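Read the single chain below, which is given as structure tokens and is the form deposited in one PDB entry.
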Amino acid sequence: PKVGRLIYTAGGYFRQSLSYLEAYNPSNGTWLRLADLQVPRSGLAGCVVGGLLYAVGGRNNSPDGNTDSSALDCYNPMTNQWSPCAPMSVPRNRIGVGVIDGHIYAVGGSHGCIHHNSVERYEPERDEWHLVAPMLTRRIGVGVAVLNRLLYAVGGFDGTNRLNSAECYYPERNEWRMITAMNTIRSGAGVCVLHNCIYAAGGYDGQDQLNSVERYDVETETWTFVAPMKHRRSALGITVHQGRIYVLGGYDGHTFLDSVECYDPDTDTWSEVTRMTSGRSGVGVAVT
């Protein structure tokens, strides 16, 4: 059933890091502006656990300085209030996040010139972070998605090399394994899960921003290209709403995009469905 869930976009960057929280209703094409983040945030990730939206990591970059964030903040859509949570062990700009068993996993990202391979897990019930096994590769501008209680970390930049590699985290055994590499080097891609596939959309290959999109089928263990987006974009937001992928904003090599495109896997087609109220990159996005 369609029950009225919305796409939330938190933070982002346009001329400086932003504090916006806005919700898009794909059913009627409307945008609603919600309570601002207390502190502006770009390069963060969003997720939802237990009906709450979490904004994880990122950076505040403006004429008042450039500082990476270890923050975790929680937004309750029922109260339209943000609440601070326990911070992570380290700041993580251009972080990846995924949720397994009601816990938030934060992977990679950067703190100054440090490119993390470390990974930590947040338990909402105890408002506590705990370090788990590190990735095999340092990854900033990494994308993450979860399928059947496995977490995939895809692409990024290791401090020297921009990556086509990907790896999978097995939470019960607390270990990582490299999986098949992508066709394309991508940092700052949008990574999500839809059906049995992990998608990597857009990103930066070291030369250009990308409009290509590829997906990893966890059964056949292959990466296959699907239809490209209309707009090249890196530092895009991505999420899944009612069985379709939505990509929000990003940087195309010239402009900070307000474009939102929607992918239907049944027709293998992208369409532009709306525009954000202002163009931005580096947003955190989730659905509830």
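The first residue of the sequence shown is number 1, and the count goes up from there.
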{"item": "Average Cα temperature factor in the PDB entry - higher stretch of 155-163, 192-200", "value": "155-163"}
{"item": "Between the two ranges 27-35 and 220-228, the one averaging a larger CA B factor in the entry", "value": "27-35"}
{"item": "Member of 63, 243, 57, 250 with the greatest C-alpha B factor (per the PDB record)", "value": "243"}
{"item": "From 209, 76, 117, 212, residue of greatest CA B-factor", "value": "209"}
{"item": "Modelled-residue ranking by C-alpha temperature factor, third containing residue 52", "value": "middle"}
{"item": "Chain third (lowest, middle, highest) by recorded CA B-factor, residue given as residue 112", "value": "highest"}
{"item": "Third of chain Cα B-factors occupied by residue 125", "value": "highest"}
{"item": "Lowest, middle or highest third - CA B-factor, residue 174", "value": "lowest"}
{"item": "Ranked C-alpha temperature factor of residue 265 among modelled chain residues, by third", "value": "highest"}
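The next section is about a form of this same protein that is not shown, the form solved in complex with a partner chain.
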property: Triplet 94, 234 and 256 all within 4.5 Å of the partner chain in the bound PDB entry via a heavy atom; result: yes
property: Partner proximity in the bound PDB entry: residue 204 to the partner chain, non-hydrogen atom cutoff 4.5 Å; result: yes
property: Residue 121 within 4.5 Å of the partner chain in the bound PDB entry, heavy atoms; result: no
property: Partner contact for residue 212 in the bound PDB entry: the partner chain, 4.5 angstroms, heavy atom; result: no
property: 4.5 angstroms heavy atom contact with the partner chain in the bound PDB entry for residue 98; result: no
property: Stretch in contact, per heavy atom within 4.5 angstroms of the partner chain in the bound PDB entry, of 183-191, 144-152, 77-85, 101-109; result: 183-191
